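Novice: Need coordinates for the following:
(6 chains)
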Amino acid sequence: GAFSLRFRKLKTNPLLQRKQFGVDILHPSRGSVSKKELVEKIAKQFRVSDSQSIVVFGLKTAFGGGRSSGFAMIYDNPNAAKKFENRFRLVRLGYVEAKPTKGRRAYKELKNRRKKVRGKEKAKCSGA
Amino acid sequence: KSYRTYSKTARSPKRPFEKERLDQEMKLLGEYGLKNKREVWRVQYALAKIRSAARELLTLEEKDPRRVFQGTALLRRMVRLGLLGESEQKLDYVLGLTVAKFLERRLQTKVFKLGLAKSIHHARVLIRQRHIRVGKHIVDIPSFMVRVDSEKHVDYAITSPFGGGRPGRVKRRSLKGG
Amino acid sequence: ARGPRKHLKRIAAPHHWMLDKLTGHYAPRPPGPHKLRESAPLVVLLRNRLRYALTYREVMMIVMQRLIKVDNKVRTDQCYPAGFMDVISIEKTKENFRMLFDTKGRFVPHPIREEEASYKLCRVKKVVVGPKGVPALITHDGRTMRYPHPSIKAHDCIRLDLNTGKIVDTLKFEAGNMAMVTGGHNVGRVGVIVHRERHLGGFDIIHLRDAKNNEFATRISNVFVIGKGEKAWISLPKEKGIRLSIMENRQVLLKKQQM
RNA sequence: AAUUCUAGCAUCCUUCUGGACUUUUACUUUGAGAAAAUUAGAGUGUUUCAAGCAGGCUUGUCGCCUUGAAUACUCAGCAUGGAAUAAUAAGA
RNA sequence: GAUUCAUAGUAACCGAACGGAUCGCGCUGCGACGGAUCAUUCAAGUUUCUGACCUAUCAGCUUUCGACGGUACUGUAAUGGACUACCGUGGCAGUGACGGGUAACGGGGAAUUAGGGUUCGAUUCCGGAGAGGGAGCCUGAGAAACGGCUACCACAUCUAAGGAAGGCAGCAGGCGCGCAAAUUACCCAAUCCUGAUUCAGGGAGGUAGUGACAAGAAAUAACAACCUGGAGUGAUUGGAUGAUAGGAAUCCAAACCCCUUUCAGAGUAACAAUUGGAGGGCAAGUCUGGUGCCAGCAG
RNA sequence: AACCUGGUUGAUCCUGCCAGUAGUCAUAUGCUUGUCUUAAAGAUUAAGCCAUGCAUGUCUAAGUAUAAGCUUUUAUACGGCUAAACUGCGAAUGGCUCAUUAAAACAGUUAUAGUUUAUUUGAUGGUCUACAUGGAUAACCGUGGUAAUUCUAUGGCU
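Specialist: Numbering: from 1, shown residues only, chains lettered A, B, ... in the order given. Please see the structure below:
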């Protein structure tokens, strides 16, 4: 159904190599806006190189529907954006694949066993 | 543990059973189309905040710097809310308020006053079933209370059958069925 | 008990930071030049005043670039107490912030010129003789300038050079000299000094007069001389420390919001 | 001209250039200093509301409102203007 | 405000403490670490004044074994009957000492609709004390520490019977007490903290589950045409939003809820509102059956 | 909302309590329960007792690398990267509870000329084989003891 973009609270941040701003959007008819569709429109507005520099988050639709508003954050380069941004925000976008770590309870059970053995402890890694 | 304030919007009266009281409350239900006696006691309580504020201020002195500040802030609310008319700005006038002044300002009446709803009861059902755009965005709640610049603004929501949208669901069942 | 407390709590924080009630159980805890309740940590400048950072994580990512300096010196600690009349200098953007007291009683980073951001003032706490019989000032900042003039007494300010270590311009503490307040009820108010009472025992107090002829008092610990009788060494914030009245502050604010 | 406060003149100190003396306090006034949260309360359509401390303008991009988040409240103790009232002192 | 203060000088004293045998990037710059004295900051220890519930079927307490004071040690981080020698005979009390009770941690505060009050405060913050009961101690800037150690007492675990190890008034969970109280869950993403630290860790903390302790908002219908006539009824038909179930995107550390929009989704709107009353106080039946000072009601 | 009704008598006017009424952002409990937002919760008596798992650890260009480890770059002292271990710092904060305790604690208000203070911030300082002093200790290797543990001995290196 399309939407109308109009940013707010812009703050050029050269220390962090990024631009931060709230987006505000108007969409009569349509139910919400996906971030894959929003990142394409905010790219062509701001004359960006690459979608991977841009990262987007928040987005509540208000009560009633039609209106919505959220946050956004245009870096320069994707490699700077990968460094300073935490990984969970990038992942929703899909730029970076999720990292499969082991569980928190399982990790704790290693180190309490690792306390008990002095010397060479590394047999406990394969054993658990 | 959690740092969240909370309060009670109403409180019950001391006498449970008085025929003087129960008759006059039942009129306010019948006029303005209310669910239960809590909705009256809410506004009974809400007035007594504003009334006890003015009662504290009015005892002092007209040149006192507390009264000239806190009075003018209180009078701005009553002009904004459409509760006292702007021709009289005296603090004394706030005392002469009644519950009927508050209950004419809520959105049940201001739909009906507008006349789209037709009947007091119908107006409550139109509010709760996601019609009636107040300003920019639609409003679901009878006990809204309108701020006088906003009152001209109430209109059917853009979405919905009165508004000019998909005709709900039951009209489609008749239309596609035929 | 038993030792120093490593946590500070939100709510039990100072009010003049203006950290909110929700969105955290704890608040950042600032020891450095300045006191706990007469300072503001470097995190809540970056996130809750200047709005560069969003999070506590992002302030570490800023500060460990070595972009932030104070007093022409790089401070890597995110919870460094940056107090009254300290300069902050960011090389990217090329903008500098001298922290003054706002008229309401808050910290605010006042933006200043590049030549002005060299110097800063330090009111001397006392003067004292060190070893080899050499004299030495000590400041509110907790610097210790040595070999002053004999001229320089207690309770008065000195323009430091910062680019070099040494002093440049003194000031005296007398009637008809401009003076900001740093603490208490009348904080953020600047006025000429009319008179001081002695009270030989404890707590000297000073009555002094705002530029709209309002008279008000404070203890000498709070009072901080800026400059001469009218004029001032430093640039001042918005309103110049008048503190207009409650009904005036209402009228100006709601006249703004209607646009 | 009412209502405040204040200098003189009817015999009203002075040691100096603001404090010393006027028996001493209580009392009252103004002022200092005293954490926030809570409480009252300024501002603000969290859809209303309990709340919260946020927001609001706008095809402009070193965004702006040199943005807001006020203020009150907190016996004994420290300080001060004052002619009554009441203790208390005394009796060159 | 005030000194035997800072500091300088003189005459000696001791080793028991400083005056760098350390590390990285690059004649020469930058900073990592170490350590002494002096400020400074985060503190802490003492300390001045004033303030509390009931009890007089508690009126006299304190002392040679410190009670109150004095001199001179000692001890402490320093001041002190803090402690030790000698010496004096004081100190507190009818304005409540001394003793007893508390279903007593203190305060910031909470409930309570004139004013004045009365009752509560284990519990979000700030102090205090404690880690089964008492006592002792090491290391360190800081502990008389208990997710450190030694001992006795009280419980209790494994033992091959010689011995060894234990402290949930941390987070879940269980037994037991009771009128009386939740999951042996997921994660450091937010908030902060510790560290050799941009990177590691955190049952601090946060998210979900249980949840009519509680606070706020508000469904269970609305409108038509077709008997009472001085606007209400009448299941007589009549056509006009979410409860629910599943998507979408959004949210989320990963699920989930909210807010949006979606295909289905009410005609005894069976998607059916109950809880207490109907002699008086107290609003509302001299109704109709059964019972017969019985059963029961009844503040 | 600064509020009052029933009950002593054959009836009245009193004093006077008992009962009624309302609140709790106070517990418990009965019956009933469609929706969303917020959210107290082993305090009351047993500061009674506890199975199992978890709640304190930590590495930078920059204290010590000969893993008989890894990794492709191939370095006559030392290529980096790093398990393990020694050293440093933390573990005295936080969290939980309310049994003690009545001029005690705590509160506001002073004082520290009566003192200790890791760390932070700023100062200061040539004056007593100096191209560099000494010998042991882990991890590691070899090897045992005990039924059993975060028990550890003897021997050899640095």
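Novice: switch to C-alpha atoms for all contacts and neighbour counts from now on
Specialist: OK.
Novice: what separates residue C:224 from residue C:211, distance-wise?
Specialist: From residue C:224 across to residue C:211, the span is 17 Å (CA to CA, to the nearest Å).
Novice: ok, now residue C:35?
Specialist: Remark: distance between residue C:35 and residue C:211 (CA to CA) = 30 Å.
Novice: For residue A:84, give its distance to chain B.
Specialist: According to CA to the nearest CA, to the nearest Å, residue A:84 stands 32 Å off from chain B.
Novice: let me fix that: residue C:229
Specialist: 33 Å.
Novice: cool, residue C:57 as well?
Specialist: 24 Å.
Novice: Shouldn't that residue be within a strand?
Specialist: No - under DSSP: H, G, I helix; E, B strand; the rest coil, residue C:57 sits outside any strand and is assigned helix.
Novice: that older thread, which one of residue C:224 and residue C:211 is surrounded by more residues?
Specialist: residue C:224 (23 against 13; other CA atoms under 10 Å in any protein chain shown).
Novice: Distance of the more buried one relative to RNA strand E?
Specialist: For residue C:224, the distance to RNA strand E equals 15 Å [CA to the nearest atom of the strand, to the nearest Å].
Novice: Ok, residue A:127 next?
Specialist: Taking CA to the nearest atom of the strand as the measure, residue A:127 falls 19 Å from RNA strand E.
Novice: And residue C:56, by the same measure?
Specialist: 4 Å.
Novice: That residue: neighbour count?
Specialist: Count around residue C:56 with other CA under 10 Å applied: 14.
Novice: Chain neighbours aside, what residue packs nearest to it?
Specialist: In space, and not counting its chain neighbours, residue C:56 is closest to residue C:43: 7.1 Å by CA to CA, 6 or more residues apart in numbering or on different chains.
Novice: and that neighbour, that's in a strand?
Specialist: No - membership of residue C:43 in a strand is not supported by three-state DSSP, which gives helix.
Novice: pretty sure it contacts residue C:76?
Specialist: No - applying CA atoms under 8 Å as the test, residue C:43 and residue C:76 come out as separate, 11.5 Å apart.
Novice: ok, those two, which is more surrounded?
Specialist: Between residue C:43 and residue C:76, counted using other CA under 10 Å, residue C:43 has the larger neighbour count: 25 against 16.
Novice: Just confirm residue C:128 is within a strand.
Specialist: Yes - judged by three-state DSSP, residue C:128 forms part of a strand.
Novice: so how far is residue C:170 from it?
Specialist: According to CA to CA, residue C:128 and residue C:170 sit 17 Å apart.
Novice: More neighbours: which of those two?
Specialist: residue C:170 (17 against 12).
Novice: Now do the same contact list for that one.
Specialist: C:152, C:157-159 (CA atoms under 8 Å, 6 or more residues apart in numbering or on different chains).
Novice: Tell me which entries of these lie within strands.
Specialist: Within the contacts of residue C:170, residues falling in strands by DSSP state E are C:157-159.
Novice: circling back to that earlier point, pull the contacting residues for the residue nearest to residue C:56.
Specialist: Each residue near residue C:43 by CA under 8 Å, 6+ apart is listed here: C:28, C:56, C:59, C:78-79.
Novice: Can you tell me the centre-most residue of chain B?
Specialist: What sits nearest the mean C-alpha location of chain B, by CA atoms, centre = their mean, is residue B:106, with 2.7 Å.
Novice: any idea how far that one lies from residue C:194?
Specialist: Using CA to CA, we find residue B:106 at a distance of 58 Å from residue C:194.
Novice: which residue packs closest to the residue of chain B found nearest chain A, ignoring adjacent ones?
Specialist: The nearest approach of chain B to chain A comes at residue B:138, 5.2 Å away (CA to the nearest CA). Nearest residue to residue B:138 in three dimensions, chain neighbours excluded: residue A:64, at 5.2 Å (CA to CA, 6+ apart).
Novice: which residues does that neighbour contact?
Specialist: Going by CA under 8 Å, 6+ apart, the list of residues near residue A:64 reads B:137-139.
Novice: Quick check: bridge partners of the residue of chain B closest to chain A?
Specialist: Under DSSP bridges, the beta-bridge partners of residue B:138 are residue B:133.
Novice: That one: how many residues sit nearby?
Specialist: Applying other CA under 10 Å, we find 21 other residues in the vicinity of residue B:138.
Novice: Contacts only, for it.
Specialist: Residues near residue B:138 by CA under 8 Å, 6+ apart: A:63-64, B:130-132, B:157.
Novice: Intersect the residues you listed with the contacts of RNA strand D.
Specialist: Checking the contacts of residue B:138 against RNA strand D by CA under 7 Å from any atom of the strand, the ones in range are residue A:63.
Novice: still on that earlier bit, for PyMOL, what selects the buried ones among the contacts of residue C:43?
Specialist: The following PyMOL line selects those of the contacts of residue C:43 that are buried, judged by 16 or more other CA atoms under 10 Å in any protein chain shown:
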select buried, chain C and resi 28+59+78+79
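Novice: neighbours of residue 85, just the number please.
Specialist: Picking chain A for this. 17.
Novice: Chain C was what I was after
Specialist: Residue C:85 sits with 19 neighbouring residues when counted by other CA under 10 Å.
Novice: Then residue B:105?
Specialist: Neighbours around residue B:105, by other CA under 10 Å: 21.
Novice: Quick check: the nearest residue to it once chain neighbours are set aside vs residue B:100, distance?
Specialist: Excluding the flanking residues, the one nearest residue B:105 by CA to CA, 6+ apart is residue B:145, at 5.4 Å. Using CA to CA, residue B:145 is found at 13 Å from residue B:100.
Novice: Between the two, which is the more surrounded one?
Specialist: residue B:145 (20 against 13).
Novice: Can I take it that the more buried one is in a helix?
Specialist: No - checked against three-state DSSP, residue B:145 lies outside a helix; its state is coil.
Novice: give the contact list for it.
Specialist: Neighbours of residue B:145 in contact, by CA under 8 Å, 6+ apart: B:81, B:102, B:105-107.
Novice: nearest to residue A:52, of these?
Specialist: Residue A:52 has its nearest neighbour among the contacts of residue B:145 in residue B:107, at 48.2 Å by CA to CA.
Novice: next one: phi and psi at the closest one?
Specialist: When quoted as degrees, to the nearest 10, the phi and psi of residue B:107 stand at phi -80, psi -20.
Novice: Share the number of residues neighbouring it, please.
Specialist: Residue B:107 - counted by other CA under 10 Å - has 26 other residues nearby.
Novice: Which neighbouring elements make contact with the helix or strand where residue A:114 lies?
Specialist: Secondary structure from DSSP states H and E places residue A:114 in helix A:104-116. Helix A:104-116 sits against helix A:123-127, with contacts defined as 3 or more CA pairs under 8 Å, 6 or more residues apart in numbering or on different chains; DSSP states H and E.
Novice: Pull the helix it packs on out as PDB, backbone CA atoms only.
Specialist: Extracted in PDB, the C-alpha atoms of helix A:123-127 (Å, rounded to 0.1, in the frame of the first residue of the first chain):
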ATOM      1  CA  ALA A 123      39.900 -33.800  29.600                       C
ATOM      2  CA  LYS A 124      36.800 -32.200  31.200                       C
ATOM      3  CA  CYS A 125      36.000 -30.400  27.900                       C
ATOM      4  CA  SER A 126      35.400 -33.600  25.900                       C
ATOM      5  CA  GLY A 127      33.900 -35.400  28.900                       C
END
